[PDB]
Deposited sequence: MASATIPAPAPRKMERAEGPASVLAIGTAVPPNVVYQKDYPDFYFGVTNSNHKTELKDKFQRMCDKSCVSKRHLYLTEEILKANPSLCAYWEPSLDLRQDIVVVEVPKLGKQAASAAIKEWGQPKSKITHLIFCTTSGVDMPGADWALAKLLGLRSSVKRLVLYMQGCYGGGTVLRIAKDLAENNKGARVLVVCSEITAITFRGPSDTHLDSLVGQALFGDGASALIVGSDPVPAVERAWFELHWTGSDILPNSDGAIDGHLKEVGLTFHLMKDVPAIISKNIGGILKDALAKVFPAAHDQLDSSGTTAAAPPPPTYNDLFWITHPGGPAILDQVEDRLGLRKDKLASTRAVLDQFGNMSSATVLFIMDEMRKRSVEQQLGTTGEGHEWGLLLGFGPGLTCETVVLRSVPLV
């Protein structure tokens, strides 16, 4: 008359990632972007975009859109031309497909048959449809027809925190539940030509890349059969003060548009300390061990842009190595919206194993995953690593 619940903390049992094969190196992107968009005559706009690329701390990105595809579809290279139907036709197909590559890698690592997946969460900011990308992914994988699905559309850059916040309750409240979590982002929904009109969209052109990540999340891993890599222990969500309209995105007839105030780094950096201090106080209450210091935590931080990272690091006084895993993903992949923190989680555990650190969190026991996006919404997850060998 009842659904048995699980006992232990929701745990990450496997991670997979996937990116489009086409690589664009940042040194080449100003020429490329202004070339295929027919805007090289816009001489001062391009110098402005060159400075954004020079400062982006992005070396390369993987992009579904190629010069050939852009040549085939000139309404994408144009500026403010109607093109949503064209964008949707692309991403309603390619977002689940990219997600399927990451999902198959995570399942292969996990090692159990795909029919043990009981739940699915699909998160994307690229396109919407009915049935949704969750249904399409289930069809592509051949998941059981009774998988409990959830599609999280139009989330944006905090979505990596959101999927963990939901997956935690699904795994913990359902005995045996194994949650496939996929975030998949493809910039074909936003890509548009340059214009002194909208210097916000330029920022997006310098930073956003494509990618998908997949997790298996479940409570009570079977001993010597499944392997936990991180545990979810505490979650919080906050709308930061005086941030109305900081980050807005609209799905228009010209596609997805992006609006971004210059004070996003300030708003984030100046509020994040109180959020983290409160979260750590709840996880480590006095009544008892004190919370670890920031430098004794591992850090999985959504790299909205280098200015956000630099100002957060400065305001919290983080030692300069704490954001190294985060900054490596931004350098090699750019900002992949909701998927990015799961790429960072993967990079951190793999570094930790390769370098024989004592835990999956670079040697630290406790850790923080942060997502930031429209709201301005800050998603906080307190994680525990797992000891290695």
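Residues of the deposited sequence lacking C-alpha coordinates, counted from 1, fall in the stretches 1 to 11, 299 to 310.
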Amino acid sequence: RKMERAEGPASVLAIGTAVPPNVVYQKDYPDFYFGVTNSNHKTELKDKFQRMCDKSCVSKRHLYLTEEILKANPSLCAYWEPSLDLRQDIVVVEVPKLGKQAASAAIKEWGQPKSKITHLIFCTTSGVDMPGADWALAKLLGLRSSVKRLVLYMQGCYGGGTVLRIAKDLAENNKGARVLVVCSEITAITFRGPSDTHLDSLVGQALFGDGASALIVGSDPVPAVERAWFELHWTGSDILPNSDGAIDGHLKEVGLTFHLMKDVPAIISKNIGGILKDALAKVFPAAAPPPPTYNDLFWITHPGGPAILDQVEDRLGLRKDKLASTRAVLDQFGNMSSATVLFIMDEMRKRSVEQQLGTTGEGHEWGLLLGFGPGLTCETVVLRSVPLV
From here on, numbers count along this sequence of modelled residues.
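Between two forms, the rigid core is the largest collection of C-alphas that superpose within 1.5 Å.
Note on 260 to 268 and 106 to 114: with rigid core alignment, C-alpha atoms in 6 other deposited structures of this protein sit farther from this form for 260 to 268. In terms of root mean square C-alpha deviation after superposing on the rigid core in 6 other deposited structures of this protein, the stretch standing farther out between 192 to 200 and 302 to 310 is 192 to 200. The stretch 302 to 310 shows the higher mean C-alpha B-factor when 225 to 233 is compared against 302 to 310 in the entry. Higher mean CA temperature factor, per the PDB entry, when comparing 60 to 68 with 334 to 342: 60 to 68. Of the candidates 378, 368, 10, 24, the deposited coordinates give 24 the top C-alpha B factor. Among 148, 165, 114, 87, the highest C-alpha B-factor in the deposited entry belongs to 87.
In the PDB entry, residue 96 places in the middle third of its chain by CA B-factor. Ranked within its chain, residue 202 lands in the highest third, by CA B factor from the PDB record. In the deposited entry, the Cα temperature factor of residue 79 sits in the top third of values across the chain's modelled residues.
Per-chain ranking of the deposited C-alpha B factor places residue 124 in the middle third. Among the modelled residues of its chain, residue 352 has a C-alpha B-factor that falls in the lowest third, as given in the PDB entry.
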